[PDB]
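Chains as they are written, first to last, in the deposited numbering: chain A, 46 to 454, 461 to 618; chain B, 46 to 454, 461 to 618; chain C, 469 to 572; chain D, 105 to 156. Note that CB positions come from ideal geometry on N, CA and C, so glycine has one too.
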Amino acid sequence: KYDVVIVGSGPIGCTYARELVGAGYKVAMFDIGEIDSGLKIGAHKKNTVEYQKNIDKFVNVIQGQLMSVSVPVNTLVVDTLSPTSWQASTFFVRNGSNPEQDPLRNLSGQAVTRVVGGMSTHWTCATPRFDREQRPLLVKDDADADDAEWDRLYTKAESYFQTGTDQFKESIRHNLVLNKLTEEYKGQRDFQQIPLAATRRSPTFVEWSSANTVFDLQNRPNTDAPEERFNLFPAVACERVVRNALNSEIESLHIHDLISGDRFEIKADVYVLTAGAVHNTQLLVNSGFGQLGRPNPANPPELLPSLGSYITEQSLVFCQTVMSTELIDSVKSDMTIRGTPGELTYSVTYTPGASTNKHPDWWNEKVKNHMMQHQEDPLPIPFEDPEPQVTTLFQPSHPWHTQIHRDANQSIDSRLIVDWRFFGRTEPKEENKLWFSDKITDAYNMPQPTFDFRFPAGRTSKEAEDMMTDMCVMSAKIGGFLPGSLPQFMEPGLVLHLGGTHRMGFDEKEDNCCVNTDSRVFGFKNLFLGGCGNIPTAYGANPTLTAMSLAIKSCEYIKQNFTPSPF
Amino acid sequence: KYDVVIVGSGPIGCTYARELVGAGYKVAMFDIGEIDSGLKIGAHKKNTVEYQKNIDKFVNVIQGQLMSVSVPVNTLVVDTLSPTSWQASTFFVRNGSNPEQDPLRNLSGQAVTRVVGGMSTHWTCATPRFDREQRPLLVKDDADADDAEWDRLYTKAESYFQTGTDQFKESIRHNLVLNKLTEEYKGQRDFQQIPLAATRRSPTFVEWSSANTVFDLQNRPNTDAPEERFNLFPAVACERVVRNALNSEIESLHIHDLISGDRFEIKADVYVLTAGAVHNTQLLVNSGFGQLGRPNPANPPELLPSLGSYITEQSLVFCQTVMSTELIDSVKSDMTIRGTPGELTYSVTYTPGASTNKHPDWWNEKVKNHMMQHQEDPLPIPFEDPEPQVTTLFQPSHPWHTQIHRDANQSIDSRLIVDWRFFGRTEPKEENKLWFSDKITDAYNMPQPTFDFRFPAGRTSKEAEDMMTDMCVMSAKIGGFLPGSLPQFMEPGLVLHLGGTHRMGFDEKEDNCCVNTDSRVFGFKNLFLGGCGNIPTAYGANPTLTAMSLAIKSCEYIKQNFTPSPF
Amino acid sequence: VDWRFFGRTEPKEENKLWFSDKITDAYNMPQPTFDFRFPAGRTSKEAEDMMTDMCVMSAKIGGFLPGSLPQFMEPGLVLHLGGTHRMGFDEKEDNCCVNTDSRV
Amino acid sequence: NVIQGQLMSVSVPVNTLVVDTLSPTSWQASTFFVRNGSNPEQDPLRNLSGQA
Ligand SMILES: *Cc1cc2c(cc1C)nc1c(=O)[nH]c(=O)nc-1n2C[C@H](O)[C@H](O)[C@H](O)COP(=O)(O)OP(=O)(O)OC[C@H]1O[C@@H](n2cnc3c(N)ncnc32)[C@H](O)[C@@H]1O
Ligand SMILES: *Cc1cc2c(cc1C)nc1c(=O)[nH]c(=O)nc-1n2C[C@H](O)[C@H](O)[C@H](O)COP(=O)(O)OP(=O)(O)OC[C@H]1O[C@@H](n2cnc3c(N)ncnc32)[C@H](O)[C@@H]1O
Ligand SMILES: OC[C@H]1O[C@@H](O)[C@H](F)[C@@H](O)[C@@H]1O
Ligand SMILES: OC[C@H]1O[C@@H](O)[C@H](F)[C@@H](O)[C@@H]1O
Ligand SMILES: OC[C@H]1O[C@@H](O)[C@H](F)[C@@H](O)[C@@H]1O
């Protein structure tokens with residue numbers, strides 16, 4: 046028996062733990078995954094010396110822990126088998142495929158991560174705020190009060206994540222890109238560093254934030270926290286929350302211990318579901334909320350009818366570019382260069398502090414030393430130059446988020468290469484659904500998730516195409532596309548920004564929603580949901596900071612309404 | 046000051062730790078890599094519930110921690126860049142390529158793993174013994190004595206790794222393949238389970254062994270080992286062992302703390318280098334052994350002239366097959382079938398204990414149950430059936446090792468798919484070298500490894516091609532090739548069975564070697580090397596068990612010649 | 469729908485087609501060799517602006533077809549090579565080979 | 105296919121692609137020698153490789 050139970054140890058679950066453990070509550074947390082980021086439980090897997098020396102290899106870490114949500118039955122013809130080899134006569138259900146899934150109405154790129162710390166063990170750490178246009182209301186009819194509340198919540202969330210906008214300031218590549226783009230837009234658009242949940246440790250090492258940063262996930266009481274009470278139980282599949290008959294309270298959490306194999310129930314005062322946008326919905330439907338099986342509107346569910354509807358996933362367009370000759374030449378614009386590299390007579394000089402220099406001394410010293418010490422290398426950019434991390438944030442006139450950067454997720464020198472990702476907002480629509488099969492089960496014997504999704508016609512589709520054209524226009528100012536990384540739409544859901552599955556609003560019926568602004572499930576005194584599933588709006592920016600802000604507000608309600616047990 | 050220092054926390058360094066910590070030595074171990082396998086330090090990363098339910102994803106973990114040893118300068122032509130993008134006029138040194146490396150005399154597949162536990166955090170766990178044809182002598186002029194010593198050491202090594210040959214005995218696929226090959230080669234070749242360092246925990250979970258199995262890597266003293274002394278120090282690059290001017294002793298170990306950046310000098314009575322075949326050799330050359338730089342026979346080294354010569358790497362051929370119709374039908378040969386699947390009166394039955402049955406009762410029960418419970422599925426093989434793990438071990442008449450299995454490293464049902472890997476032996480030749488640049492450095496600022504390797508032209512090459520042919524012949528008995536996994540040689544070194552880089556012999560001169568049969572570096576009182584680099588022969592079987600056997604012997608010597616410090 | 473936009477290339481003395489004095493082609497004639505780059509100024513600026521124009525214009529009709537994404541084609545695949553024996557009024561002043569009657 | 109069938113490349117540079125999965129028994133040169141009708145005069149980076 047606990048004061049609070051939390052399902053999921055990602056960053057949102059850790060937000061609840063951070064708030065509630067600190068406030069004196071007896072907290073248990075369960076995760077279906079296991080501890081696997083070293084001794085700092087739930088930490089970013091990219092924070093090893095080896096990955097930061099070999100960042101090209103981290104893509105495999107990511108790929109290794111993204112398990113696809115819904116894979117349709119495969120209908121590829123292989124007709125070059127030997128005649129002796131067994132072959133079926135039909136495209137039968139095999140290799141994990143979901144026979145409920147229409148392959149043409151899927152989010153084929155959607156995937157989940159079952160490890161302690163969740164997706165925060167691999168994420169890119171971009172943590173922008175949403176502007177009003179993207180942001181759910183927390184106060185109705187008072188924009189100033191709504192702004193105040195959001196500013197306070199985001200500020201706290203930025204603290205928890207260690208968000209900053211300074212960590213890349215001494216990158217020549219970063220500055221080359223930012224300054225060019227700012228020139229070219231002539232005041233029409235603002236460029237800044239991507240706000241990043243991270244702390245630079247040295248010129249070549251960044252400590253990327255994660256769930257661990259928000260809450261260290263060590264059992265308590267401990268030497269550092271002798272009055273706090275926290276237990277983490279990894280490898281525990283949480284299966285059902287038990288409703289009373291009134292549907293006003295949850296009475297227990299049913300769990301499956303994956304190691305021992307045994308099933309147990311856990312009693313708490315407060316139940317918090319932070320299992321991700323897909324898996325929160327799964328656990329709710331497996332507990333009698335919404336509707337199990339293929340949507341049947343002749344028989345609308347009577348508990349939480351908007352659960353699994355109005356789902357939103359962002360369009361994502363991507364390319365890479367190769368830095369223009371003009372830009373590369375500009376790096377050395379202050380230099381006086383004589384002779385031929387590699388010969389006796391060659392020299393590269395600049396005047397320190399000259400007001401007519403385009404660049405500061407630190408830049409020109411780095412460029413001079415590279416050019417003089419590495420005369421075999423034809424570029425002016427130092428080898429260990431940090432990567433670019435640039436954004437122009439969503440605005441009404443360009444309603445997409447942008448990242449102009451190097452993401453982990461070879462003929463051309465990497466110093467020339469810049470990634471472009473533009474993220475569209477998707478209108479919530481009732482027909483876009485995440486539902487669960489009443490007969491097919493997944494690898495943990497839970498109802499199999501199935502999507503029924505298409506990008507809404509109208510504004511969403513128009514904007515997604517305008518967004519593609521915007522990426523093509525803007526990237527051109529920096530360089531031409533890198534062959535093999537040409538402008539493209541990414542597989543639906545590969546972006547992993549799914550929202551709206553258990554969406555927030557003021558009124559269950561009027562706002563077609565599942566939780567109120569305290570993240571409390573309508574009707575239930577002691578059930579709360581956290582995560583991107585809560586977000587009910589069309590948004591283009593990366594959602595986790597916003598989800599964390601909502602979680603902070605939800606914890607405030609819990610602190611106002613439930614008393615910790617005596618220690 | 047420690048009694049013993051060990052460089053490297055792989056399964057070999059852990060063999061030394063197990064033995065010497067257990068003998069009461071004050072032991073320090075250093076690894077350049079970090080703790081990242083969960084709370085069991087150095088354990089197998091595949092030992093998670095999620096990976097064993099998604100085995101298809103583990104390949105990405107492997108790829109994520111194999112960092113290529115020597116990458117040649119890239120000469121691919123990219124001539125569809127935009128006219129505005131920067132381009133060099135030459136194929137200059139970029140993206141961490143090694144300009145010393147002839148791309149045509151490389152082991153391009155060779156890679157290293159820098160994590161606590163080394164490569165045993167991702168390995169396949171195949172641990173066969175070598176027969177006399179593949180194995181160095183430990184006793185001269187007495188074959189029965191040599192056999193007896195090898196049997197004693199291998200039996201101990203098998204206990205350390207928890208090697209077994211029974212963990213897959215209840216797999217229908219395994220037995221299907223094993224029995225068919227036994228029948229086809231009646232009286233010509235013998236087949237058995239691959240000996241595997243693994244313990245089965247349930248019908249769907251195997252605890253694969255690793256460094257952590259051999260030694261748990263927990264600092265000591267501790268509650269369970271109150272009288273032992275052991276410290277592990279991750280994220281520490283060991284750079285040099287300091288030789289006296291006599292070249293008779295090592296005086297200290299120089300280390301670089303990668304977190305803090307500082308360097309230190311560590312003293313021990315005994316120094317053990319278990320950094321892998323590549324990095325053992327690197328550390329030694331960086332410490333004045335052998336020769337730094339492109340080899341120069343006009344100036345042979347003074348100290349250990351055989352170091353980095355006579356290197357061996359195995360040829361490896363690969364394909365996959367799709368199980369034959371005849372074999373698939375044979376799985377259900379004892380069943381009586383009535384009706385059509387999906388109909389109310391469909392029936393699959395068998396008679397338990399019937400003399401005419403071709404299979405044991407447990408087999409038929411599994412088949413009947415799958416066919417009745419999954420009438421939509423056209424195959425008789427149960428869904429959770431463990432993979433095949435079959436071998437015919439190396440013999441004079443078929444001088445290659447074989448694995449007929451499923452290794453972690461989509462239209463066709465995976466139940467049909469078998470992997471074939473045949474591994475050739477490579478003659479040691481002085482000309483095949485691993486050397487280290489005197490001007491290029493690697494990501495840790497150590498002399499850049501460079502290979503000069505070709506498969507020797509005579510027996511090695513003849514056998515390699517005969518081995519290919521043997522896989523084509525043998526595989527056809529099970530099924531045709533899987534399109535996209537057709538019979539092929541794998542890139543040189545992808546097999547990661549490199550040997551002979553610091554090779555063992557009785558006589559440094561006569562046997563062209565670096566260590567004696569106690570793995571002690573000739574001339575030096577207190578320096579020992581462990582790993583496959585010690586193996587001086589041509590071998591086709593997987594080397595790690597043999598390396599460990601040699602380490603046990605080395606440890607006996609240390610125990611007999613050095614006194615632990617008083618506790 | 470296919471989209472092909474074709475840029476103009478400034479004539480520059482340095483961009484050459486020449487013929488080996490030792491290598492021969494399949495008909496035993498001196499082997500052709502190019503020494504070509506797109507000129508760095510107006511030609512290159514226009515080329516990239518042309519790319520951008522195709523992306524902008526094409527979007528009015530539909531999105532790109534996966535596998536035929538916007539790209540520069542290999543140099544010369546267009547087969548619109550010119551100026552190898554070029555016309556002018558004055559052999560010297562106009563750096564040319566034929567007059568306006570195409571007479572050498 | 106008719107088009108491709110009658111476009112004969114004008115100048116093909118010397119090929120430097122690394123093929124390191126040949127069988128140990130197959131012949132291999134130790135250099136990227138002039139082969140398969142390539143033009144050793146041609147700088148592969150100052151070509152019109154598409155010309156035919
Ligand atoms: C994968 C990815 C994600 C990502 C990113 C890049 C990649 C490659 N870049 C991001 C960025 O730059 N900015 C941003 O805002 N987001 C970015 N993301 C997404 C981000 O990682 C997620 O939005 C965030 O991690 C969501 O947090 P949340 O805490 O809500 O969920 P989670 O991380 O998925 O963790 C959920 C956990 O719950 C567990 N679980 C699941 N089901 C169960 C059940 N039934 N029982 C018990 N536990 C369960 C998981 O195992 C997991 O740990
Ligand atoms: C990658 C791989 C390995 C493998 C295999 C499958 C794959 C995909 N399957 C195998 C199998 O079935 N059977 C078998 O016998 N071998 C298998 N292997 C190879 C096997 O994993 C290795 O042979 C074995 O791990 C070697 O053990 P050893 O202990 O000698 O070496 P290591 O595991 O490489 O660990 C060495 C460590 O030392 C560190 N290091 C390196 N340099 C330094 C320096 N300078 N300073 C301090 N430490 C250093 C590493 O970081 C590492 O952990
Ligand atoms: O792969 C798509 C991802 O790419 C990164 O650039 C973003 F920061 C993420 O928010 C997103 O999940
Ligand atoms: O990928 C090559 C590897 O594959 C596995 O099947 C083996 F067991 C190994 O010994 C080897 O390292
Ligand atoms: O493939 C390039 C060619 O394509 C066609 O569309 C054009 F009409 C041509 O003038 C040109 O030679």
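Examine ligand 1 and report whether any of its heavy atoms sits within less than 6 Å of the Cβ of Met-164/A. yes
Around the Cβ of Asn-143/A, are there at least 16 other Cβ atoms within 10 angstroms (buried) or fewer (exposed)? buried
So, for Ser-354/A: in the same chain, excluding its five sequence neighbours on each side, which residues have a beta-carbon less than 6 Å away from its beta-carbon? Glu-481 and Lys-484
At 9 Å on the CB atoms, spell out the chain A contacts of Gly-544/C, in chain order. Ordered by position in chain A, no residue passes the 9 Å Cβ test against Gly-544/C, which lies about 16 Å from the chain.
In the DSSP assignment, what residue or residues form a beta bridge with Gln-420/B? Its beta-bridge partners do not exist; DSSP assigns none.
Could you tell me the alpha carbon to alpha carbon distance between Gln-212/A and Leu-318/B, rounded to whole angstroms? 39 Å
What are the complete beta strand (DSSP E) segments, minimum 3 residues, inside the stretch 383-410 of chain B? 392-394
Leaving out five residues before and five after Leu-537/B in sequence, what residues of the same chain have Cβ atoms less than 7 Å from its Cβ? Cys-364
Compare the beta carbon distance of residue 457/B and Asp-379/B with 7 Å and say whether it is the shorter of the two. Regarding the residue in question, residue 457/B is not represented: chain B runs 454 and then 461, omitting everything in between.
From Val-393/A to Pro-386/A, what does the alpha carbon distance come to, in whole angstroms? 10 Å
Contact list for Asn-151/D against chain B, beta-carbon separation under 9 Å: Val-122 and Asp-124
List the endpoints of the continuous alpha helix (DSSP H) containing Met-519/C. 510-526
Residues of chain A with CB closer than 8 Å to the CB of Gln-539/C, please, in chain order. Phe-532, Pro-534 and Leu-537
Assuming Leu-111/B and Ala-171/B form a contact by the criterion Cβ under 8 Å, report the distance between their Cβ atoms to the nearest whole angstrom. Contact flag wrong, Cβ pair sits at about 17 Å.
With distances taken from CA atoms, which of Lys-98/B, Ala-527/B, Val-123/B and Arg-383/B is nearest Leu-149/D? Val-123/B
Counting only Cβ pairs nearer than 7 Å, list the residues of chain C close to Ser-127/B. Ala-515, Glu-516, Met-519 and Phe-540
Confirm, please, whether the CB-CB distance from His-548/B to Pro-594/B is below 7 Å. yes
In chain D, what lies closer than 7 Å to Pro-500/C by C-beta? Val-114 and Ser-115
Where are the beta strand (DSSP E) runs, 3 residues long or more, that stay fully inside the stretch 252-331 of chain B, in chain order? 265-267, 270-278, 281-288, 295-302, 308-311 and 313-318
Below 7 Å on C-beta distance, what does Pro-148/D contact in chain B? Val-122
Assign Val-566/C to one of two classes, buried (16 or more other C-beta atoms within 10 Å of its C-beta) or exposed (fewer than that). exposed
For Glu-79/B, does the three-state DSSP call read helix, strand or coil? strand
Identify, in the order they occur along the chain, each residue of the same chain with its Cβ nearer than 6 Å to the Cβ of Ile-80/B, setting aside the five sequence neighbours on each side. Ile-86, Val-161 and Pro-279
Counting only beta-carbon atoms, is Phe-506/C nearer than 7 Å to chain B? yes
If we cut at 7 Å on Cβ distances, does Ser-488/C have a partner in chain D? yes
Inter-residue Cα distance where the pair is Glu-559/C and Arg-571/C: 11 Å
Start-to-end residues for the beta strand (DSSP E) that takes in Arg-246/A: 241-247
Rounded to the nearest angstrom, what separates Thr-597/B and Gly-83/B at their Cα positions? 28 Å
Taking only runs that begin and end inside the stretch 168-236 of chain B, name each unbroken alpha helix (DSSP H) of 4 or more residues, in chain order. 188-206 and 217-229
Please name the residue or residues paired with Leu-361/B in a DSSP beta bridge. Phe-474/B
Do three or more CB pairs link the stretch 253-273 of chain B to the stretch 225-244 of chain B at distances below 8 Å? yes
Report back the beta-carbon spacing between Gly-335/A and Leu-349/A to the nearest angstrom; my notes put them in contact at under 8 Å. 5 Å
Tell me whether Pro-240/B is buried or exposed, calling it buried when 16 or more other Cβ atoms sit within 10 Å of its Cβ. buried
CA-to-CA distance, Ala-202/B to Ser-351/B, given in whole angstroms: 28 Å
If we ignore side chains and look at the alpha-carbon of each, how far apart do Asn-496/C and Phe-487/C end up? 12 Å
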